[PDB]
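K.L.:
The structure follows.
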Amino acid sequence: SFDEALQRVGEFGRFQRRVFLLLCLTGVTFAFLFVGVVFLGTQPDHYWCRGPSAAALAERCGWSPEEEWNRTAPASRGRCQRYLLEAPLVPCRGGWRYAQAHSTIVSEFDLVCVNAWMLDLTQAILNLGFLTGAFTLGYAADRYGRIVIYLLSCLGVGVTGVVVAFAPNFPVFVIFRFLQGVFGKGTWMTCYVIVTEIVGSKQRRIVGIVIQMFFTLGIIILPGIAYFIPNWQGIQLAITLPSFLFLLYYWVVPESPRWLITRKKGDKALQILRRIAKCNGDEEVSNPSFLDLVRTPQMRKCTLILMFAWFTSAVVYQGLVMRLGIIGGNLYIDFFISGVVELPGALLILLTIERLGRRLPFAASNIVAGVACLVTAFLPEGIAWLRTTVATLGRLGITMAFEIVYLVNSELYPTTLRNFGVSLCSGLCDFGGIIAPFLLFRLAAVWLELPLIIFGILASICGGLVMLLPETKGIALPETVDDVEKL
Ligand SMILES: CC[n+]1c(Cc2ccc3ccccc3[n+]2CC)ccc2ccccc21
């Protein structure tokens, strides 16, 4: 019955186009949130401990900070040792000074030497927050209305961003960044699911891949907003500012029709369909359960393969990032070039899905990335100019795999009884992101260029496995427990 309703009103409309723009703006905001952390708090040029006698001397003679470095520098980067006039001398753990004028997270929180480890621990905590946020917000968003959970998640993102902009100390900052990652994950999941649902099953690939376009576009935009405003709090406030305007949507963006019409209310769905028409014209799901998500062989196998694919994609991308290094000799130029280069791969995704399907591009991209990383592992010493070129095609392949697998993940799961297994799989990807550095170091300890080989076989076997997905095209979206009957 819903199909016919889509035929009478649906597909592409003026209001639907406006809502699509709104939700892809939500996606680009999530892109800023996810990625801006790498830019926040870059390592300063020079940091060092200064003594109380040294501080008095410097303030009396008026040394410039740069000359203070040039004269006071020990050893012969940032030295972890200081001169103690009160000779070779012991390390210092207080009174640090940073020469770089640009404000950074490490300057404020004093993450240097051994303390430099919690700089990466902040990324670890944010990624764990993404994990737990997917894990909880799946159930939270399926329990209540999708749009309601989206709005509360946007409010949470805004409030948490504001509070972390003015966080006084490191522990409160870390816990609030955790509580901000949870809400950002909620926003991204709800927004993508609702924008995918509101569109009919003809240009659904277009809507998904174009909101991915907007995520990449946000990655592209990030260097500009990062470079124009120096102050760290400035970047954080700028990143979290759109969340409030997005809270402001409210009545403009309606609830997704299909989720509403599950025998629960019915009349409200008819009213909202009449509203969107304008002049152009079972047991209640209750709450999801993990056993039901794992129940039945087809559902179990699809879920496990999807989690494996997410994990492999995350770990291979993390492994390849270190080998990519710096391109062009400047961070801004490198980041901008990578962001721009992302786009042609995504347009290729669009056209190749349009011609035949999704599973073949998925497998091809995964195999391409695996072969690229394996070749980088086995390359003979030399080709320094060509060192950059390799492992870049692999990165494009991994990003393509991310986009295709995320769209397929949205497509496969039954919307009415969705536990946000999309969110749970993304959380398993997040878990892979957390453990990736430790596993990478452990593998690299025994022999160098070993982790690249391991990830090459992992990506190859993932590309072999992903062929097993059904990948039915034009079947619209499964309802309730009908997911089994596509096969
Ligand atoms: C789902 C986030 N997303 C990613 C994920 C990503 C991105 C940058 C990282 C930078 C440093 C470390 C990890 C990193 N990750 C996690 C693998 C990668 C391409 C994407 C392409 C299109 C849309 C989303 C993408």
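Identifiers in the structure tokens: chain A, B, ... in order shown; residue index from 1 per chain; ligand index from 1 in order shown.
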Counting only C-alpha atoms and all ligand atoms, what are the residues, protein, DNA or RNA alike, that approach ligand 1 to within 9 Å? I want them as a ChimeraX atom specification.

P.N.:
/A:31,34-35,38,211-216,219,313-319,321,342,346,395-396,398-403,406,426,429-430,432-433

K.L.:
Using only C-alpha atoms, which residues sit within 12 Å of residue A:281 once same-chain residues fewer than 4 positions away are excluded, as a list in words?

P.N.:
residues 5, 6, 7, 8, 9, 10, 273, 274, 275, 276 and 277 of chain A

K.L.:
Using only N, CA, C and O atoms, please write the residues we just selected to a file, as an mmCIF file, in the first residue's frame.

P.N.:
data_model
loop_
_atom_site.group_PDB
_atom_site.id
_atom_site.type_symbol
_atom_site.label_atom_id
_atom_site.label_comp_id
_atom_site.auth_asym_id
_atom_site.auth_seq_id
_atom_site.Cartn_x
_atom_site.Cartn_y
_atom_site.Cartn_z
ATOM 1 N N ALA A 5 1.190 4.856 -2.470
ATOM 2 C CA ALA A 5 1.222 6.181 -1.859
ATOM 3 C C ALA A 5 2.435 6.971 -2.329
ATOM 4 O O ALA A 5 2.347 8.183 -2.555
ATOM 5 N N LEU A 6 3.578 6.299 -2.475
ATOM 6 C CA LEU A 6 4.753 6.951 -3.043
ATOM 7 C C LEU A 6 4.505 7.375 -4.485
ATOM 8 O O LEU A 6 4.936 8.454 -4.908
ATOM 9 N N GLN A 7 3.825 6.527 -5.260
ATOM 10 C CA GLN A 7 3.548 6.856 -6.656
ATOM 11 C C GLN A 7 2.649 8.081 -6.773
ATOM 12 O O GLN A 7 2.882 8.950 -7.622
ATOM 13 N N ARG A 8 1.611 8.167 -5.938
ATOM 14 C CA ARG A 8 0.735 9.336 -5.970
ATOM 15 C C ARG A 8 1.479 10.595 -5.543
ATOM 16 O O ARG A 8 1.410 11.628 -6.218
ATOM 17 N N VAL A 9 2.194 10.533 -4.423
ATOM 18 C CA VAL A 9 3.032 11.635 -3.965
ATOM 19 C C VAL A 9 4.334 11.060 -3.427
ATOM 20 O O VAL A 9 4.324 10.099 -2.651
ATOM 21 N N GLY A 10 5.448 11.627 -3.849
ATOM 22 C CA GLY A 10 6.741 11.138 -3.416
ATOM 23 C C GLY A 10 7.790 11.404 -4.483
ATOM 24 O O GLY A 10 7.716 12.399 -5.202
ATOM 25 N N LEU A 273 1.233 12.621 5.049
ATOM 26 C CA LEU A 273 1.246 12.416 3.603
ATOM 27 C C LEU A 273 0.360 13.434 2.897
ATOM 28 O O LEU A 273 0.717 13.939 1.826
ATOM 29 N N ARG A 274 -0.797 13.751 3.482
ATOM 30 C CA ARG A 274 -1.641 14.802 2.921
ATOM 31 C C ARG A 274 -0.928 16.147 2.947
ATOM 32 O O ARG A 274 -1.028 16.929 1.994
ATOM 33 N N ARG A 275 -0.210 16.437 4.034
ATOM 34 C CA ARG A 275 0.517 17.699 4.125
ATOM 35 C C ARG A 275 1.593 17.799 3.053
ATOM 36 O O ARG A 275 1.749 18.849 2.419
ATOM 37 N N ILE A 276 2.353 16.722 2.838
ATOM 38 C CA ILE A 276 3.385 16.764 1.807
ATOM 39 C C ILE A 276 2.786 16.724 0.408
ATOM 40 O O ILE A 276 3.448 17.128 -0.555
ATOM 41 N N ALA A 277 1.547 16.246 0.264
ATOM 42 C CA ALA A 277 0.905 16.247 -1.047
ATOM 43 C C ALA A 277 0.695 17.667 -1.558
ATOM 44 O O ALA A 277 0.935 17.951 -2.737
#

K.L.:
Within 12 Å of stretch 303-308 of chain A, counting only C-alpha atoms, which residues qualify if same-chain residues fewer than 6 places away don't, as a ChimeraX atom specification?

P.N.:
/A:290,292-297,314-315,401-402,404-410,412-413,419-432,458-459,461-470,483

K.L.:
For those residues, write C-alpha atoms to a file as an mmCIF file, in the first residue's frame.

P.N.:
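Result saved to result-v8.cif:
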data_model
loop_
_atom_site.group_PDB
_atom_site.id
_atom_site.type_symbol
_atom_site.label_atom_id
_atom_site.label_comp_id
_atom_site.auth_asym_id
_atom_site.auth_seq_id
_atom_site.Cartn_x
_atom_site.Cartn_y
_atom_site.Cartn_z
ATOM 1 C CA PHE A 290 19.903 -8.346 20.139
ATOM 2 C CA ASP A 292 16.256 -10.989 17.136
ATOM 3 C CA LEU A 293 19.041 -9.119 15.337
ATOM 4 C CA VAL A 294 21.165 -12.283 15.425
ATOM 5 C CA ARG A 295 18.212 -14.669 14.919
ATOM 6 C CA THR A 296 17.886 -16.649 11.638
ATOM 7 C CA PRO A 297 20.883 -17.743 9.517
ATOM 8 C CA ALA A 314 38.712 0.986 9.381
ATOM 9 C CA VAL A 315 41.928 -0.865 10.164
ATOM 10 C CA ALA A 401 34.469 0.959 0.284
ATOM 11 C CA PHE A 402 33.284 3.106 3.203
ATOM 12 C CA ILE A 404 29.399 1.806 -0.712
ATOM 13 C CA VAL A 405 29.242 -0.325 2.433
ATOM 14 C CA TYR A 406 27.480 2.441 4.347
ATOM 15 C CA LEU A 407 24.812 2.813 1.659
ATOM 16 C CA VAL A 408 24.389 -0.976 1.467
ATOM 17 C CA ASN A 409 24.213 -1.138 5.270
ATOM 18 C CA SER A 410 21.378 1.388 5.199
ATOM 19 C CA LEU A 412 19.758 -4.059 3.808
ATOM 20 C CA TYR A 413 18.313 -3.598 7.284
ATOM 21 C CA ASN A 419 17.914 -1.974 15.683
ATOM 22 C CA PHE A 420 20.244 0.468 13.937
ATOM 23 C CA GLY A 421 22.511 -2.391 13.067
ATOM 24 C CA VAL A 422 23.903 0.338 10.838
ATOM 25 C CA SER A 423 24.917 2.134 14.028
ATOM 26 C CA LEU A 424 26.153 -1.079 15.652
ATOM 27 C CA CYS A 425 28.315 -1.950 12.636
ATOM 28 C CA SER A 426 29.683 1.598 12.576
ATOM 29 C CA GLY A 427 30.438 1.164 16.270
ATOM 30 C CA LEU A 428 32.376 -2.008 15.535
ATOM 31 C CA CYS A 429 34.238 0.044 12.929
ATOM 32 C CA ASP A 430 34.904 2.541 15.724
ATOM 33 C CA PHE A 431 36.236 -0.269 17.925
ATOM 34 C CA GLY A 432 38.561 -1.247 15.101
ATOM 35 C CA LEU A 458 42.541 -8.888 5.467
ATOM 36 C CA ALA A 459 41.231 -6.563 2.746
ATOM 37 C CA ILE A 461 39.508 -11.773 2.224
ATOM 38 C CA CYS A 462 36.960 -9.040 2.988
ATOM 39 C CA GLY A 463 36.550 -8.425 -0.739
ATOM 40 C CA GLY A 464 36.073 -12.147 -1.214
ATOM 41 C CA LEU A 465 33.451 -12.316 1.541
ATOM 42 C CA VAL A 466 31.394 -9.282 0.486
ATOM 43 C CA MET A 467 30.346 -11.157 -2.659
ATOM 44 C CA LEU A 468 27.985 -13.183 -0.442
ATOM 45 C CA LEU A 469 25.662 -10.225 0.185
ATOM 46 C CA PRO A 470 22.336 -10.506 -1.690
ATOM 47 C CA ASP A 483 14.498 -9.382 5.035
#

K.L.:
Can you list, as a ChimeraX atom specification, every residue of stretch 27-118 of chain A that DSSP puts in strand (DSSP E)?

P.N.:
/A:47-49,96-98

K.L.:
Can I get the selected residues back with N, CA, C and O atoms, as a CSV table (one decimal), in the first residue's frame?

P.N.:
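Everything below was put into again.csv:
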chain,number,residue,atom,x,y,z
A,47,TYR,N,58.6,23.6,22.4
A,47,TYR,CA,58.1,23.7,23.7
A,47,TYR,C,59.3,23.3,24.7
A,47,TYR,O,60.1,22.4,24.4
A,48,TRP,N,59.3,24.0,25.9
A,48,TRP,CA,60.4,23.7,26.8
A,48,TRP,C,60.0,24.2,28.2
A,48,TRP,O,59.1,25.0,28.4
A,49,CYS,N,60.7,23.6,29.2
A,49,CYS,CA,60.5,24.0,30.6
A,49,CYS,C,61.4,25.2,30.8
A,49,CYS,O,62.6,25.3,30.4
A,96,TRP,N,55.9,24.9,31.4
A,96,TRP,CA,56.2,24.8,30.0
A,96,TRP,C,55.8,26.1,29.3
A,96,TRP,O,54.8,26.8,29.6
A,97,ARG,N,56.6,26.4,28.3
A,97,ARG,CA,56.4,27.5,27.3
A,97,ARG,C,56.4,27.0,25.9
A,97,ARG,O,57.3,26.1,25.6
A,98,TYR,N,55.6,27.5,25.1
A,98,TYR,CA,55.5,27.1,23.7
A,98,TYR,C,55.7,28.3,22.8
A,98,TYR,O,55.1,29.4,23.0

K.L.:
Check the smallest atom-to-atom distance from each of A:416, A:187, A:330, A:53 to residue A:258 using only C-alpha atoms, then report the winner.

P.N.:
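Smallest distance to residue A:258 is found for A:416.
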
K.L.:
Dump as a Markdown table the rows for residues of stretch 267-375 of chain A within 7 Å of stretch 136-144 of chain A: closest atom pair and distance in Å with one decimal, only C-alpha atoms counted, ordered by chain and rising residue number.

P.N.:
| residue | atom | partner | partner_atom | distance |
| --- | --- | --- | --- | --- |
| A:286 | CA | A:143 | CA | 6.9 |
| A:287 | CA | A:143 | CA | 5.5 |
| A:288 | CA | A:139 | CA | 6.6 |

K.L.:
Could the residues in this selection be saved with N, CA, C and O atoms as a CSV table (one decimal), in the first residue's frame?

P.N.:
chain,number,residue,atom,x,y,z
A,286,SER,N,7.6,-2.3,19.3
A,286,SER,CA,8.1,-2.1,20.7
A,286,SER,C,9.5,-1.7,20.6
A,286,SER,O,9.9,-0.7,20.0
A,287,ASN,N,10.4,-2.5,21.2
A,287,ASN,CA,11.8,-2.2,21.2
A,287,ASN,C,12.6,-3.3,20.6
A,287,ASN,O,12.3,-4.5,20.7
A,288,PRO,N,13.8,-3.0,20.0
A,288,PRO,CA,14.6,-4.0,19.3
A,288,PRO,C,15.3,-4.9,20.4
A,288,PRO,O,15.6,-4.4,21.5

K.L.:
Closest to residue A:113 among A:125, A:80, A:159, A:61, using only C-alpha atoms?

P.N.:
A:80

K.L.:
Compile the contact shell of residue A:331 as a ChimeraX atom specification: residues with an atom at most 12 Å away, counting only C-alpha atoms, same-chain residues fewer than 2 positions apart removed.

P.N.:
/A:38-39,42-43,222-223,226-227,325-329,333-338

K.L.:
Atom CA of residue A:237 to atom CA of residue A:194: how many Å, to one decimal?

P.N.:
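Answer for the atom CA of residue A:237 to atom CA of residue A:194 separation: 26.7 Å.
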
K.L.:
Could you check how far atom CA of residue A:102 sits from atom CA of residue A:230, in Å to one decimal?

P.N.:
5.8 Å
